[PDB]
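Contents: one structure, followed by commentary.
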Amino acid sequence: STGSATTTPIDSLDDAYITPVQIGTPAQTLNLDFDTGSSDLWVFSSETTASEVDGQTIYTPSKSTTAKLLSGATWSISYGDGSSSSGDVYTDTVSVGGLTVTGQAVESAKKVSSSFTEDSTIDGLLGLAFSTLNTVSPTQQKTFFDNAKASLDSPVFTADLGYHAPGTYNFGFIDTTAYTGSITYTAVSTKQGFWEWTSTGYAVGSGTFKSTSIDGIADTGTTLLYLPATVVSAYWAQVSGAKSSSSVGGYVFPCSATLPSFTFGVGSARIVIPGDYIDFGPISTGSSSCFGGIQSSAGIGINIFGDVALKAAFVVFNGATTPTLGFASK
């Protein structure tokens, strides 16, 4: 089997991407944030505290003939941005772009933090990291990909995120028309439950490539590119007027400046992030100060190849017995 679904930016800045997902019988379609940095499929629901729902589409298990309470199961998650949610668990039929899993754990939110409430466009998350990070207790549950894997033509999914445009998540096949050149594959460590890999270095604009190992995660659920402070400083030093603002909480730059590209290494290959991808617009409406899309990972404790980086590539998440990551230009 295979599946193919279009993923759409939630706003004009590509702050996140939503993908339609069918849950239950008859289908209830929710727009979920596909997140390769976490491993819970959770949704706004009929059980979510009313004051914490503000425009989202909810899953109502009682209206699904295939929904079954996973008795005694609870879940609770906190994300790197300080957001959180928690609740109980059902199993139900879940389909993504034609690909169907029966008995998928669908984690029903009883509580969500303000960040989620305030984002009317995201109805929940669909985690695509390794199932070892799944928070369901007492019995850890498998991700949608893990459950689908054996049925897939090939045990892979791919992320092809658009710049200010829709893109595609595919399951079970590699669309050879979707990228240029070849796909370069690189080793993955699953020891922390992430799609963790080591970039071979970087360049800033037309500058010479610096060979240096950068360990980080491929995370579709994180907006920006978070790299070591040395790397980030070298980038913004090439932008006139750029500075790190403690009050804003990262690097900002005058919107009149031109941003250089940023290149990162995948083995001997190179992915180029165009300068425009690194512009996340005014810090506040009407401001001439713009927020940068490359920020320091210092104090996160891990480097994150988020959407800024990933949307410059066609990315293969290979869930073969020994997982790997593939990157191609497009």
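Each residue's number is its place along the chain shown, starting with 1.
Every residue gets a Cβ built from N, Cα and C, even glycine.
Some features that Swiss-Prot has for this protein:
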- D35: active site (ACT_SITE)
- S199: active site (ACT_SITE)
- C255-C290: disulfide bond (DISULFID)
- 17-328: domain 'Peptidase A1' (DOMAIN)
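Structure coloured by features recorded in Swiss-Prot.
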residue: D35; record: active site; contacts (Cβ under 8 Å, 6+ apart): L125, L126, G127, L128, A129, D219, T220, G221
residue: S199; record: active site; contacts (Cβ under 8 Å, 6+ apart): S213, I214, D215, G216, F264, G265, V266, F305
residue: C255; record: disulfide bond; contacts (Cβ under 8 Å, 6+ apart): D279, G281, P282, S288, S289, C290
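Residue environment of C290 (disulfide bond) contains 22 other Cβ atoms, counted within 10 Å of its Cβ in all protein chains. In this structure, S199 (active site) is part of a beta strand by DSSP.
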